[PDB]
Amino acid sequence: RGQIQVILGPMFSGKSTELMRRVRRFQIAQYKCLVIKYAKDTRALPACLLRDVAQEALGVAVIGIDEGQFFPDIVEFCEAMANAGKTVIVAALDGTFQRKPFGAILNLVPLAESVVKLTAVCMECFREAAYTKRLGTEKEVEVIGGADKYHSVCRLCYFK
């Protein structure tokens, strides 16, 4: 009945597109669905904490979460909802700009029925990209931005 699926990848790999592909497959079969997005990324409920939308999620069969890395309560929420019989689909970055685990996201992997890591195209050499390189000098993890602030990159380009 209930499950957690995780869609990992670097930026620009289409994780949110894959999330919506999966959600729509259920939606066309008449399942009730909810998608949650992280509220501070303004580049289908916005939220900063998943507990903020837990009431609405009780009333659906399928929950999609975009930018899962930003929710500090990702684990508790996904596990509770999957154990209550919901299908929970999470798109998230696996790694920060430092190729370190992004928040609590990887704690989901041992809890998950399905895990995939998508690839992007390296913006610097056009081979396949598994990582995200920050272009500026900000040292904090959370810096909202797109291709003006980040490049998807392969290993060689990450370290160039």
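Numbers follow the displayed sequence, beginning with 1.
**Student:** Could you check which stretch, 93-101 or 25-33, carries the larger mean CA temperature factor in the entry?
**Tutor:** For C-alpha atoms only, the mean B-factor is higher in 25-33.
**Student:** Would 15-23 or 139-147 have the larger average of its C-alpha temperature factors, as given in the entry?
**Tutor:** Looking at the recorded C-alpha B-factors, 139-147 comes out higher on average.
**Student:** Of the choices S114, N107, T42, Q69, which one's C-alpha carries the largest B-factor in the record?
**Tutor:** Checking the PDB record, the top C-alpha B-factor among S114, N107, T42, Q69 is at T42.
**Student:** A54's Cα B-factor: lowest, middle or highest third of the chain?
**Tutor:** CA B-factor rank for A54: middle third.
**Student:** Sort the modelled residues of this chain by their C-alpha B factor and say whether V88 lands in the lowest, middle or highest third.
**Tutor:** Tercile = lowest for this residue's CA B-factor.
**Student:** Comparing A129 with the other modelled residues of its chain, is its CA B-factor in the lowest, middle or highest third?
**Tutor:** As the PDB entry reports it, the C-alpha B-factor of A129 lands in the lowest third of its chain.
**Student:** Could you say whether, by C-alpha temperature factor, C122 belongs to the lowest, middle or highest third of its chain?
**Tutor:** For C122, whose C-alpha B-factor we compare with every modelled residue in the chain, the answer is the middle third.
**Student:** Quick one: classify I65 as lowest, middle or highest third of the chain based on its Cα B-factor.
**Tutor:** Lowest third.
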